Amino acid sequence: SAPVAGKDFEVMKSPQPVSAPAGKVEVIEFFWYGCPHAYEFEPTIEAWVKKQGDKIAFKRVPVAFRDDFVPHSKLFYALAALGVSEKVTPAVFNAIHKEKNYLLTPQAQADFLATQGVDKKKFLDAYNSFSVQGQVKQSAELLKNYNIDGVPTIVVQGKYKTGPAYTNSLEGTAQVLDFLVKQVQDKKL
């Protein structure tokens, strides 16, 4: 009943540096605002990340498979630079997957986010800032370092990848993620 290596998750050949502080298990979700699989997975991974608390260091990395969606990576880091990510992100997803507003340009984003209480001037500055440009370029470099081919992909301690591509279900992805983190904590992975 336990997840099968090479089937339910992938043991990476070139594991990556881990920024978690020893006690914690690192968890990275490669996601994309426009992926409906990452959209439906948002409440499941959220609640779980909060359930682990001090036991993990969770972070997200936006994925842009084509230049069309680089603004979605700039959007991710522009909101974080403002500290409004956790507040507006539910509205971002819903705008894309229910309101037929895909937020593909900085102007459309500044327009939408202003209805959510975000000052247009301050958002566009972060969007065009060199710091957000650098975070976007780094996220694309992480895509290659982690050999990410699809989303949502979850990486545990920079060694093990899982996701619906492996498990064929979001619930199965959550179960695998939970299994891997525990195996890490027990020095079995």
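The first residue of the shown sequence is 1; numbering continues from there.
- According to the PDB record, 19-27 carries the higher mean C-alpha B-factor of the two stretches 174-182 and 19-27.
- Stretches 117-125 and 147-155 differ in mean C-alpha B factor, with the higher average recorded for 117-125.
- Among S131, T162, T44, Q52, the highest C-alpha B-factor recorded in the PDB entry belongs to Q52.
- Per the PDB record, residue ranking by Cα B-factor puts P71 in the lowest third of the chain.
- Sort the chain's modelled residues by C-alpha temperature factor and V84 lands in the middle third, per the entry.
- In the deposited entry, the Cα temperature factor of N94 sits in the middle third of values across the chain's modelled residues.
- Residue-level temperature factors show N101 in the middle third of its chain, judged at the C-alpha atom.
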